[PDB]
>>> print(open('final_4.pdb').read())   # PDB, C-alpha atoms
ATOM      1  CA  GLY M   1       0.000   0.000   0.000
ATOM      2  CA  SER M   2       1.932   2.962   1.349
ATOM      3  CA  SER M   3       2.470   2.782   5.091
ATOM      4  CA  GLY M   4       2.861   6.258   6.537
ATOM      5  CA  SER M   5       0.761   7.713   9.329
ATOM      6  CA  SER M   6      -1.169   5.206  11.405
ATOM      7  CA  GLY M   7      -4.662   6.023  12.611
ATOM      8  CA  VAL M   8      -5.453   5.710  16.299
ATOM      9  CA  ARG M   9      -4.513   9.375  16.388
ATOM     10  CA  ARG M  10      -6.704  10.383  19.304
ATOM     11  CA  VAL M  11      -8.679   7.206  19.880
ATOM     12  CA  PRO M  12      -9.961   6.591  23.415
ATOM     13  CA  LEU M  13      -9.661   2.839  23.020
ATOM     14  CA  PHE M  14      -5.899   3.065  23.370
ATOM     15  CA  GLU M  15      -6.177   5.209  26.476
ATOM     16  CA  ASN M  16      -4.771   2.828  29.061
ATOM     17  CA  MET M  17      -2.643   1.030  26.498
ATOM     18  CA  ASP M  18       1.031   1.932  26.372
ATOM     19  CA  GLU M  19       3.203   2.777  23.389
ATOM     20  CA  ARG M  20       5.094  -0.483  23.748
ATOM     21  CA  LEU M  21       1.695  -2.141  23.625
ATOM     22  CA  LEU M  22       0.860  -0.129  20.531
ATOM     23  CA  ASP M  23       3.946  -1.012  18.527
ATOM     24  CA  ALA M  24       3.522  -4.614  19.610
ATOM     25  CA  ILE M  25      -0.100  -4.564  18.514
ATOM     26  CA  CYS M  26       0.996  -2.704  15.406
ATOM     27  CA  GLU M  27       3.637  -5.311  14.659
ATOM     28  CA  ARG M  28       0.714  -7.713  14.755
ATOM     29  CA  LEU M  29      -1.097  -5.840  12.008
ATOM     30  CA  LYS M  30      -1.279  -8.150   9.015
ATOM     31  CA  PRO M  31      -1.595  -7.268   5.321
ATOM     32  CA  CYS M  32      -5.236  -7.734   4.402
ATOM     33  CA  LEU M  33      -7.976  -5.839   2.604
ATOM     34  CA  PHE M  34     -11.756  -5.983   2.464
ATOM     35  CA  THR M  35     -13.750  -6.285  -0.739
ATOM     36  CA  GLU M  36     -17.396  -6.232  -1.754
ATOM     37  CA  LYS M  37     -19.582  -8.454   0.391
ATOM     38  CA  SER M  38     -16.912  -8.478   3.073
ATOM     39  CA  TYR M  39     -18.194  -8.885   6.611
ATOM     40  CA  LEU M  40     -15.943  -7.401   9.268
ATOM     41  CA  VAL M  41     -18.076  -7.925  12.350
ATOM     42  CA  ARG M  42     -21.363  -9.715  12.913
ATOM     43  CA  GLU M  43     -23.866  -8.993  15.658
ATOM     44  CA  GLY M  44     -24.526 -12.074  17.755
ATOM     45  CA  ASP M  45     -21.572 -13.910  16.261
ATOM     46  CA  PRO M  46     -18.157 -14.211  17.923
ATOM     47  CA  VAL M  47     -15.123 -12.158  16.971
ATOM     48  CA  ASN M  48     -11.982 -13.921  15.811
ATOM     49  CA  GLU M  49     -10.060 -10.807  14.842
ATOM     50  CA  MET M  50     -10.542  -7.055  14.977
ATOM     51  CA  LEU M  51     -10.395  -4.674  12.039
ATOM     52  CA  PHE M  52      -8.994  -1.191  12.529
ATOM     53  CA  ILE M  53     -10.425   1.164   9.936
ATOM     54  CA  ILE M  54      -7.482   3.110   8.566
ATOM     55  CA  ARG M  55      -9.115   4.859   5.633
ATOM     56  CA  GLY M  56     -12.274   3.867   3.798
ATOM     57  CA  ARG M  57     -16.028   3.522   4.138
ATOM     58  CA  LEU M  58     -18.526   1.030   5.505
ATOM     59  CA  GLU M  59     -22.180   0.560   6.376
ATOM     60  CA  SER M  60     -23.600  -0.240   9.791
ATOM     61  CA  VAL M  61     -26.716  -2.376  10.036
ATOM     62  CA  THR M  62     -28.596  -3.812  12.991
ATOM     63  CA  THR M  63     -31.075  -6.637  13.438
ATOM     64  CA  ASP M  64     -32.077  -6.721  17.087
ATOM     65  CA  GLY M  65     -34.328  -3.898  18.221
ATOM     66  CA  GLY M  66     -34.619  -1.084  15.707
ATOM     67  CA  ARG M  67     -37.356   1.470  15.147
ATOM     68  CA  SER M  68     -39.734   2.464  12.375
ATOM     69  CA  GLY M  69     -39.458  -0.258   9.762
ATOM     70  CA  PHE M  70     -36.690  -2.832   9.963
ATOM     71  CA  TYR M  71     -32.910  -3.007   9.998
ATOM     72  CA  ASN M  72     -31.648   0.454  10.870
ATOM     73  CA  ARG M  73     -29.064   1.303   8.238
ATOM     74  CA  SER M  74     -26.308   3.784   8.993
ATOM     75  CA  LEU M  75     -22.807   4.841   8.020
ATOM     76  CA  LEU M  76     -19.597   5.090  10.011
ATOM     77  CA  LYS M  77     -17.157   7.983   9.993
ATOM     78  CA  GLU M  78     -13.397   7.841   9.583
ATOM     79  CA  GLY M  79     -11.464   6.035  12.291
ATOM     80  CA  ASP M  80     -14.559   4.057  13.205
ATOM     81  CA  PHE M  81     -13.731   0.740  14.829
ATOM     82  CA  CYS M  82     -15.892  -2.364  14.978
ATOM     83  CA  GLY M  83     -15.906  -5.315  17.347
ATOM     84  CA  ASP M  84     -14.000  -2.986  19.641
ATOM     85  CA  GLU M  85     -15.309  -5.266  22.364
ATOM     86  CA  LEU M  86     -12.425  -7.523  21.408
ATOM     87  CA  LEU M  87      -9.944  -4.900  22.543
ATOM     88  CA  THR M  88     -11.524  -4.994  25.981
ATOM     89  CA  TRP M  89     -11.977  -8.749  25.820
ATOM     90  CA  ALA M  90      -8.224  -9.173  25.571
ATOM     91  CA  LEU M  91      -7.878  -6.469  28.197
ATOM     92  CA  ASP M  92     -10.221  -8.629  30.238
ATOM     93  CA  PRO M  93      -8.682 -12.038  30.967
ATOM     94  CA  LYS M  94     -11.337 -12.845  33.539
ATOM     95  CA  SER M  95     -13.769 -12.908  30.640
ATOM     96  CA  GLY M  96     -13.190 -16.432  29.387
ATOM     97  CA  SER M  97     -16.583 -17.108  27.848
ATOM     98  CA  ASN M  98     -15.632 -17.716  24.236
ATOM     99  CA  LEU M  99     -14.798 -14.908  21.838
ATOM    100  CA  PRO M 100     -16.624 -11.600  22.335
ATOM    101  CA  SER M 101     -19.514 -10.279  20.279
ATOM    102  CA  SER M 102     -19.898  -7.322  17.949
ATOM    103  CA  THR M 103     -22.038  -4.273  18.625
ATOM    104  CA  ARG M 104     -23.462  -4.169  15.119
ATOM    105  CA  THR M 105     -23.207  -5.685  11.661
ATOM    106  CA  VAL M 106     -20.862  -3.841   9.332
ATOM    107  CA  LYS M 107     -20.074  -4.649   5.719
ATOM    108  CA  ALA M 108     -17.843  -3.405   2.926
ATOM    109  CA  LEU M 109     -19.666  -1.658   0.106
ATOM    110  CA  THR M 110     -16.517  -0.080  -1.279
ATOM    111  CA  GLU M 111     -12.794  -0.762  -1.337
ATOM    112  CA  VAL M 112     -11.716  -0.454   2.278
ATOM    113  CA  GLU M 113      -8.174  -0.092   3.562
ATOM    114  CA  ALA M 114      -7.364  -1.401   7.020
ATOM    115  CA  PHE M 115      -5.463  -4.080   8.899
ATOM    116  CA  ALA M 116      -6.457  -7.135  10.901
ATOM    117  CA  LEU M 117      -5.831  -7.966  14.539
ATOM    118  CA  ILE M 118      -6.125 -11.361  16.186
ATOM    119  CA  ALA M 119      -7.363 -11.608  19.755
ATOM    120  CA  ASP M 120      -4.830 -14.282  20.624
ATOM    121  CA  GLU M 121      -1.871 -12.075  19.790
ATOM    122  CA  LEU M 122      -3.796  -9.279  21.465
ATOM    123  CA  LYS M 123      -4.628 -11.007  24.728
ATOM    124  CA  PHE M 124      -1.074 -12.309  24.705
ATOM    125  CA  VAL M 125       0.492  -8.873  24.449
ATOM    126  CA  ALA M 126      -2.334  -7.691  26.672
ATOM    127  CA  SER M 127      -1.689 -10.094  29.524
ATOM    128  CA  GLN M 128       2.061  -9.969  29.022
ATOM    129  CA  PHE M 129       1.827  -6.290  29.880
ATOM    130  CA  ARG M 130      -0.973  -6.468  32.421
ATOM    131  CA  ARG M 131      -0.997  -2.892  33.659
ATOM    132  CA  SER M 132      -3.951  -1.980  35.843
ATOM    133  CA  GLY M 133      -3.128  -2.358  39.518
ATOM    134  CA  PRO M 134      -5.530  -1.928  42.445
ATOM    135  CA  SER M 135      -7.486   0.658  40.493
ATOM    136  CA  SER M 136      -5.366   3.724  41.148
ATOM    137  CA  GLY M 137      -6.594   7.214  40.353
TER     138      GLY M 137
END
>>> encode(input="final_4.pdb", output="structure tokens")
Amino acid sequence: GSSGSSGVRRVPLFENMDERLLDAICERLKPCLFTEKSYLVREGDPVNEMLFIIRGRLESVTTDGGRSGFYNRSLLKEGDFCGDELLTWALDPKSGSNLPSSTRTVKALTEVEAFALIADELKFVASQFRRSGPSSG
């Protein structure tokens, strides 16, 4: 592609995370791209890997709940992350009830450009670091 400036500019997700944890997680980033009819996250289904939107577009759709009609369609802005729950999942070792779940169902309508992130590698680097303490602050 190009490889220049990485997203996660001012993302809250990586608030507690440390640089070392970033690079590590970054080093995990694998070369992959999403095409038409490409499902990133699925509501109700487990999450194997997370996708960090670097630069592209996507469509958010829901099934459960809703209002006026059916399936509330929507769009995500730039830097929008899906299955973010995974991030926490890894950050949460206590949570050992199978892979996490997505918040909504997103798809790829146009050529998207982002990387992939496996929970395993995540949790690994997550636990390895393990930086929380007796809730200080």
>>> residues_around(input="final_4.pdb", residues="range 57-66 of chain M", least_positions_apart="2", cutoff="6 Å", atoms="only C-alpha atoms", output="MDAnalysis selection string")
chainID M and resid 71:75 104:108
>>> residues_around(input="final_4.pdb", residues="range 131-137 of chain M", least_positions_apart="3", cutoff="10 Å", atoms="only C-alpha atoms", output="PyMOL selection string")
chain M and resi 16-18+91+126-128
>>> atom_distance(input="final_4.pdb", atom1="CA of residue 53 in chain M", atom2="CA of residue 114 in chain M")
4.9 Å
>>> closest_residue(input="final_4.pdb", among="M:38, M:101, M:5, M:68", to="residue 82 in chain M", atoms="all atoms listed in the file")
M:101
>>> axis_aligned_box(input="final_4.pdb", around="range 9-24 of chain M", padding_each_side="8 Å", output="lines of an AutoDock Vina configuration file")
center_x = -2.4
center_y = 2.9
center_z = 22.7
size_x = 31.1
size_y = 31.0
size_z = 28.7
>>> residues_around(input="final_4.pdb", residues="residue 56 in chain M", least_positions_apart="5", cutoff="9 Å", atoms="all atoms listed in the file", output="ChimeraX atom specification")
/M:77-79,110-114
>>> resolve_selection(input="final_4.pdb", expression="the PyMOL selection byres ((chain M and resi 20-23) around 10)", output="PDB file with C-alpha atoms, keeping the file's coordinate frame")
ATOM      1  CA  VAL M   8      -5.453   5.710  16.299  1.00  0.00           C
ATOM      2  CA  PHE M  14      -5.899   3.065  23.370  1.00  0.00           C
ATOM      3  CA  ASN M  16      -4.771   2.828  29.061  1.00  0.00           C
ATOM      4  CA  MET M  17      -2.643   1.030  26.498  1.00  0.00           C
ATOM      5  CA  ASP M  18       1.031   1.932  26.372  1.00  0.00           C
ATOM      6  CA  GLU M  19       3.203   2.777  23.389  1.00  0.00           C
ATOM      7  CA  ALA M  24       3.522  -4.614  19.610  1.00  0.00           C
ATOM      8  CA  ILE M  25      -0.100  -4.564  18.514  1.00  0.00           C
ATOM      9  CA  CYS M  26       0.996  -2.704  15.406  1.00  0.00           C
ATOM     10  CA  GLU M  27       3.637  -5.311  14.659  1.00  0.00           C
ATOM     11  CA  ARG M  28       0.714  -7.713  14.755  1.00  0.00           C
ATOM     12  CA  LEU M  29      -1.097  -5.840  12.008  1.00  0.00           C
ATOM     13  CA  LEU M 122      -3.796  -9.279  21.465  1.00  0.00           C
ATOM     14  CA  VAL M 125       0.492  -8.873  24.449  1.00  0.00           C
ATOM     15  CA  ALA M 126      -2.334  -7.691  26.672  1.00  0.00           C
ATOM     16  CA  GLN M 128       2.061  -9.969  29.022  1.00  0.00           C
ATOM     17  CA  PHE M 129       1.827  -6.290  29.880  1.00  0.00           C
TER      18      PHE M 129
END
